[PDB]
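*Asks:* Attaching a single structure in structure tokens format; questions to follow.
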Amino acid sequence: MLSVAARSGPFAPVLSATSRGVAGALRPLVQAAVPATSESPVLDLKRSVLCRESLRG
Amino acid sequence: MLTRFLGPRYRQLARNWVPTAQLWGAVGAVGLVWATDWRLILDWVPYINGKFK
Amino acid sequence: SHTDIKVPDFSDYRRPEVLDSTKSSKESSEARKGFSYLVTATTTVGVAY
Amino acid sequence: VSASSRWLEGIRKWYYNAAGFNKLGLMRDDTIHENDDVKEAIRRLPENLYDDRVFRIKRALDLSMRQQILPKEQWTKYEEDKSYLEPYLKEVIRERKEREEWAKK
Amino acid sequence: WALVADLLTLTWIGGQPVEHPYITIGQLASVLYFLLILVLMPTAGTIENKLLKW
Amino acid sequence: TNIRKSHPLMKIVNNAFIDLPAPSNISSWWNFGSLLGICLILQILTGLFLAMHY
Amino acid sequence: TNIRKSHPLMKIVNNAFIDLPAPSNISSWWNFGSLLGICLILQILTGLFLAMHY
Amino acid sequence: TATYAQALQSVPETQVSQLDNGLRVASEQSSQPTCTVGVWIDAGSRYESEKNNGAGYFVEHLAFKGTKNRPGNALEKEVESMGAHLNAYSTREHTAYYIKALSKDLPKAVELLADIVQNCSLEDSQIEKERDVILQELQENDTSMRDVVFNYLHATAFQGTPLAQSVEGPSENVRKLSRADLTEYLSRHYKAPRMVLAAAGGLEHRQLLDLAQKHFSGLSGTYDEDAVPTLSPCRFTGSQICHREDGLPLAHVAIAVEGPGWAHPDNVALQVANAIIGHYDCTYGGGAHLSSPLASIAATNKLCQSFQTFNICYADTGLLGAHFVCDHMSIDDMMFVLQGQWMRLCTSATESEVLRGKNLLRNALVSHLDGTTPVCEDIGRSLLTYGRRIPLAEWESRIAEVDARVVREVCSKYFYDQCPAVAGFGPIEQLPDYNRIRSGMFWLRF
Amino acid sequence: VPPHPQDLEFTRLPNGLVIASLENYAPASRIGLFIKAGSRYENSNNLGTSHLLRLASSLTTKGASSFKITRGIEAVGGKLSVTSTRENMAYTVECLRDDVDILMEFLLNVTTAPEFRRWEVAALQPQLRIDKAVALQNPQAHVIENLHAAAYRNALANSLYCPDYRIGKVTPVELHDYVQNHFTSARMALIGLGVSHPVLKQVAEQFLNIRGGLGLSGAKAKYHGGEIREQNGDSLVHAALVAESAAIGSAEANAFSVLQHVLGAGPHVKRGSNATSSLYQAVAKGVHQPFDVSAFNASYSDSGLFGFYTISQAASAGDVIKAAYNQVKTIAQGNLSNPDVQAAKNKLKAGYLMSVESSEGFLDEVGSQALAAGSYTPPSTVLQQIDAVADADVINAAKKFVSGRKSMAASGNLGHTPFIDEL
Amino acid sequence: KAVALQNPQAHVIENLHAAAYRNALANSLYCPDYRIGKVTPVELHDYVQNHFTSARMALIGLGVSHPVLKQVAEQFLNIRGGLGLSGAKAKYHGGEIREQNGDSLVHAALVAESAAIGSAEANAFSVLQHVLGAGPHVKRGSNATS
Ligand SMILES: CCCCCCCCCc1cc(O)c2ccccc2[n+]1[O-]
Ligand SMILES: CCCCCCCCCc1cc(O)c2ccccc2[n+]1[O-]
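Residue numbers (the authors' numbering), protein chains in the order written: chain L, 1 to 57; chain X, 1 to 53; chain H, 1 to 49; chain P, 6 to 110; chain V, 326 to 379; chain F, 2 to 55; chain B, 2 to 55; chain C, 1 to 446; chain E, 17 to 439; chain U, 148 to 293.
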């Protein structure tokens, strides 16, 4: 069950050609937009989440 | 050194812009005709024969 | 709370063709467009003469 | 190799000497007309080169100004003339043509 | 300079009557002008490149 | 700051004949540019004076 | 990018009659500005035609 | 070696089955030891009325907080204790509760789903607690400029229609909405022929049915009848909404022209055209060399921090456009370029680029149906919207048809000289005047 | 009625390269070359070289110019993406099958023929600033970055993003050296999804026989302990407290992996109380409002950190950390159930199985395994492995956390965030 | 701050302090970057009323006469309603802060808690510094007595 990173927690940066740059390991944030009032930018000096190359018809 | 413009796409480009280029000359002539009341040409138009003979 | 945002009612200025939320504006478009285009078209004709 | 090539070589060493940039300490690449391909190649030059080339042209424009020319000793000796820009210019063009070909398909 | 002189020539011919030498000599100045600007300078320039190894 | 550099008119003049950079290099063959201008206005001037009598 | 915004001439025209900001506010009494211009050129035009006969 | 074409036929046919109820139970069996089952309902917010609004959203919040049989919190306890993942989303047109779980656990997975979707204990204690939360949600939501701008586009694009409404409603309803209101929405909407049981993983389709029949038998059977209204067409308006706010450091703009709905054949073509324009983000690698003219120009001259085209589908309409973000002095240029690109595609799309877009669409299509969940969610949604489940092979077939002409044609039909729905937020002092954006929706050349 | 699947095939070349593949008859292909060139191999003299490197994946190569790599790939709707961790780098290219031949080429040119031209690299330094900026906008990034810098003195302490003082300063020669140094056969693995073993093998043997870098998966991280604190004003204090755990692969490190799930990791139900969460329940009891906490679990090749990560209002910070801490401390004390460890075990496995449902996910699992183990360990046995965790094993893991030198990183208004000292 | 922090010593001592204490002496002489543009006039107001009061004030005069200062004091410096003591009382702690830099020269300071000012012990320390050595006394010297 190696995969240091998807072993959930340590950090894993991802750069791309087509898709957007990522950062994404494990620590909460999650049970946090629940006990609410966690703001966030709306694309303040930034990028864009979910990112693309997923569609349909 | 105009060979930069010599390939498939370029062909498709000029092709797409053909009907437009055509119409723009249709506007262009009728425009000169009517602004100079072209004797030679107008006579053929059915109406617009306001020059009897 | 940006969801309290209402877009003002416009019936007061809307062309008759575009008054019903029930139906497309797709249909009325050609005509509405045609009308205002015919207007300038003729205007140029007028300016031409 | 023999008479034939040294002949063309000296035709050039002549035309070169004839061109006259040398007398203003220039180098053939210093005299190249700057266009896009050129401009980028100049960008791509390393610090030292760039720095050297600006002092060179600067000396020349200074000469050309006061209409003098450099002492004969210091003129630039043909084929002691380093063609410093060419490799870059070549690759800069090389590149453009690729997009150019890519643009036709 | 050929272009210049040819123009000095051209001016001069322009100022002489349409007879004798002047006709044909002018007809040459003419061709030369066009031949020079349209074919002589460009090729002359391409050559200078090949001479520099450019 | 200054005056010559910010006054809407002055700027124009300043960035065209006062500060504007030029080759320390150009020769006499860069005079007929301004000489043409002189000729334009001198034509315009005398030209105007001749017209109040012509 | 664009064309209208960077071409030395075009800019001029663009920043004077295309993009240039104006009060959403001004009334009819802001027409005689351009009407004066029309009058200037209409004077200039007919004025010119009258002068080739006067 | 097995070709791409060949590979498309390799995908197992999606098994669809109807309950004597109206429940359509569907599956796409595979080899995995894990799977995704859930209920897709044809409930949204376009289905709600000015005052009802926020109902489903309020219901989704209440959904996992206790059933009649599993009270207070055990639902979680059971779901969690078996390492399963319970999830739910809701849009203007669809609502979904789905469970991510170990394959062997398909039974209780389903049992759970049923209980949730049928015996929802909307206890007053909860429904009360829940409003304080949904209020907060709205407060946070207001900070996502993106989230705002898309609601506004919707808000003005659909001026007057139900579609104009947002999913959570205005604070007012979230604060006033009562259990009777909820109960009512559930009963009005949560009924068999409007809901699908979908799955994907290591399961034999037979099992699904057995379960579907076991815990979902008892909806529309003796129900339906009168008081089941259909969906009203929604009038797209073509307007603009600019919420100027120089306090924000970057501007969000989001333009669109009305597009046709889910089932329309000209979406595939619209999507290829889209792929050709593509997206961008400043963390992309390769700037100048991006294929997309927008993306490139953008990246080279820094005309934005990120853009992205899109095509939102609804019943008989949808929004079609792009959305970008950028410095206060770049909205014009950014608009200029995006607009000129659309037209270029309307007037002179070249043959080569259309292949890139078809290729981008296949890579997206295939790449997206990777993993139980997405597939399960594609089954459900597909059934709700297409009536079928359209096999990859067909989409390829559909995409293949599309060529240059097809693009410049379909594009011209939807984008040429049509009035846009404009939505702006942030420091929009420079966002072009509406006439101007409209005048950009066609060009004098052609 | 799907076809019966196939088997992954796995091959160790004598030169050290591992090759593994699977022919899922997928309409698309994924090829990833995994390299032991992660950030831990930088040193006080070239920090960030692996970042700018991660970012330079489409600069010109011999045999593929920037433009072509870009234009080339996009043309087939494919993708090229490189993803680093403190330990590996993973160049992963993806597309439809009919097209692997062209992506595999680009792939190779990038990994084995990079030119790092002066002016292309100069051109890119800025992106280190933009890149990191975009990443560090989640408090967690800095916190974990600091956590690591605090915990180690060695290699694992090096950061995923380039030190600010280094931006604009990493040289092409450094990139050159970094590649020759680490992108070699014995530190490489090549994974194929949707390709066939004879091809990968041929590609490997033809194109990936590179060797003359370093040898081991380490300088060997020296654990140390310590704590880093960032004054911020973010209203919410982010904090992580942690101790050295067990290295990846090893049995102990599954005792820990099981622990995380007892103490609690992510949520499993949209907006839940997290009933089965030892930490979250232990916190609410004493803390009344906005907070999240989760057990934290990193494991590297030759070490690992364990503990928990908390987010709370600037004044409850302490209470949240102190409650969180005691809860672990209470498992160390033996107060661990059994149906509880059982529940954990279930979440873990289901989670793992779940973790590789997808391709992009499976390829990453196989890739890392290749480098961490030189094996491919099937789910059946991973599950069989998770099963072997004894309740006592978990307790012991916790015992270890509770009793061993610690490491804290926290950022926000620290005025009520405890000190370690004070823990 | 920019102008000040251009001597490595500033940051080092600033960090030294932040490391050594958890309390008050750890606070830095220069405003935290995150605070620039964020300190409010009310904070300035409070800071003055809080600390610029008679019991925390002293008034020194060179070239003036005692009756004047006194009068100035009694007329103008009778302010009181802030806090009282010369402390929150610094808690010493220990620890260390490290800055990766690339300055070719490594600046480092290593230190332990000593004696409070005024006290006798603190002159034992003051004497020590001079045994171990402080600044140079001769332009360019070996610092023989160091
Ligand atoms: C006394 C009337 C002045 C006539 C024209 C004014 C001079 C401006 C024209 C320029 C423009 C230009 O570019 C140069 C460059 C170098 C030297 C002179 C010069 N001009 O004179
Ligand atoms: C058809 C010939 C046009 C005549 C003049 C061109 C108009 C430009 C003058 C201005 C200037 C100016 O500031 C304003 C402001 C508001 C409205 C009009 C207007 N102009 O027309």
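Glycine included, C-beta positions come from ideal geometry on N, C-alpha and C.
Give every residue of the same chain whose Cβ lies closer than 7 Å to the Cβ of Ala331/E, excluding the five residues on either side of it in the sequence, and list them in chain order.
*Replies:* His432
*Asks:* Over the uninterrupted alpha helix (DSSP H) stretch that includes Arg11/P, give me the two end residues.
*Replies:* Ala8 to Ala24
*Asks:* Specify whether the region 219-229 of chain C and the region 87-95 of chain C touch according to this definition: at least 3 beta carbon pairs, one from each stretch, less than 8 Å apart.
*Replies:* Verdict: no, contact absent.
*Asks:* In or out: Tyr57/E buried (at least 16 other Cβ within 10 Å) or exposed?
*Replies:* buried
*Asks:* I think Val211/E touches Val116/E, with their Cβ atoms under 8 Å apart; what is that distance to the nearest whole Å?
*Replies:* 6 Å
*Asks:* Would you say the beta carbon of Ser29/B is closer than 6 Å to some non-hydrogen atom of ligand 2?
*Replies:* Flag unset: Cβ of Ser29/B not near ligand 2.
*Asks:* Three-state secondary structure (DSSP) at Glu344/V?
*Replies:* The answer is coil: DSSP assigns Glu344/V none of H, G, I, E or B.
*Asks:* Enumerated in chain order, which unbroken segments of the beta strand (DSSP E) with a length of 3 residues or greater are wholly contained in the region 31-86 of chain E?
*Replies:* 34-38 and 44-51
*Asks:* Tell me the DSSP secondary structure of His254/E in three-state form.
*Replies:* strand
*Asks:* By the three-class DSSP mapping on this structure, what secondary structure does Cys178/E have?
*Replies:* coil
*Asks:* Excluding sequence positions up to five away, which residues of its chain have a Cβ less than 6 Å from the Cβ of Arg421/E?
*Replies:* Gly241
*Asks:* With 8 Å as the limit, tell me which residues of the region 40-57 of chain L have their beta carbon closer than that to any beta carbon of chain C; keep them in chain order.
*Replies:* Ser40, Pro41, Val42, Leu43, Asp44, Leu45, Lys46, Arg47, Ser48, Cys51, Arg52, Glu53, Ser54, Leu55, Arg56 and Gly57
*Asks:* Can you pull the chain F residues whose beta carbon is under 9 Å from the beta carbon of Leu54/P, in chain order?
*Replies:* Here the premise fails: no neighbours, minimum Cβ distance about 23 Å.
*Asks:* Any C-beta of chain B sitting closer than 7 Å to the C-beta of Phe336/C?
*Replies:* yes
*Asks:* Distance cutoff 7 Å, beta carbons only. Does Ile207/E sit that close to anything in chain C?
*Replies:* no
*Asks:* Closer than 7 Å between beta carbons: that is the criterion. Which residues of the region 4-16 of chain X meet it against chain P?
*Replies:* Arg4, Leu6, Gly7, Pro8, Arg9 and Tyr10
*Asks:* Against chain F, does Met70/P count as a neighbour if the rule is that its beta carbon must be under 7 Å from one of theirs?
*Replies:* Closer than 7 Å: yes.
*Asks:* Can you list the residues of chain F that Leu66/P reaches, using a CB-CB cut of under 8 Å?
*Replies:* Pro24, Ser25 and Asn26
*Asks:* Going by other Cβ atoms of all chains shown within 10 Å of its Cβ, with 16 needed for buried, is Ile276/C buried or exposed?
*Replies:* buried
*Asks:* Would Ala311/E pass as a contact of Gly280/E if the rule is Cβ separation under 7 Å?
*Replies:* yes
*Asks:* Can you list the residues of chain V that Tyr93/P reaches, using a CB-CB cut of under 8 Å?
*Replies:* Under the 8 Å cutoff, chain V gives no residues; its nearest Cβ is about 14 Å from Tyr93/P.
*Asks:* Any chance you could list the alpha helix (DSSP H) runs of at least 4 consecutive residues sitting entirely within the region 76-141 of chain E, in chain order?
*Replies:* DSSP runs (the alpha helix (DSSP H)) wholly in the region 76-141 of chain E: 82-91, 116-128 and 134-138.
*Asks:* Between which two residues does the beta strand (DSSP E) holding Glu243/E run?
*Replies:* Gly242 to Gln247
*Asks:* Output needed for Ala80/E: all residues of its chain with C-beta closer than 8 Å, excluding positions within five of it in sequence on either side, in chain order.
*Replies:* Taken in chain order, the residues that qualify are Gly88, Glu121, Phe122, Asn125, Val126 and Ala129.
*Asks:* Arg146/C and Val42/L - do their beta-carbons sit closer together than 7 Å?
*Replies:* The Cβ atoms of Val42/L and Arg146/C lie closer than 7 Å to each other.
*Asks:* Do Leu24/E and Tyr392/E have their C-beta atoms closer together than 7 Å?
*Replies:* A contact, by the Cβ cut-off of 7 Å.
*Asks:* Helix, strand or coil for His279/C per DSSP?
*Replies:* strand
*Asks:* Pick helix, strand or coil for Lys65/C, following the three-state DSSP scheme.
*Replies:* coil
*Asks:* List the residues that DSSP assigns as beta-bridge partners of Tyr168/U.
*Replies:* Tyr239/U
*Asks:* Based on DSSP bridge pairs, tell me the residues matched to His85/C.
*Replies:* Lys100/C
*Asks:* Could you please tell me which residues of the region 231-248 of chain U, in chain order, have their CB closer than 8 Å to any CB of chain E?
*Replies:* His240, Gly242, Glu243, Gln247 and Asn248
*Asks:* Consider the C-beta atom of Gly34/B and the heavy atoms of ligand 2; say whether any pair is separated by less than 6 Å.
*Replies:* yes
*Asks:* What whole-angstrom Cβ distance do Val272/C and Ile379/C have, given they're in contact under 8 Å?
*Replies:* Contact doesn't hold; Cβ gap of about 24 Å is too wide.
*Asks:* Using DSSP with H/G/I as helix, E/B as strand and the rest coil, what is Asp20/C?
*Replies:* coil
*Asks:* Can you list the residues of chain V that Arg17/P reaches, using a CB-CB cut of under 8 Å?
*Replies:* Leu376, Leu377 and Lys378
*Asks:* Can you give the Cα-Cα distance for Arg104/P and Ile297/C, rounded to whole angstroms?
*Replies:* Note on geometry: alpha-carbon atoms of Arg104/P and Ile297/C lie some 15 Å from one another.
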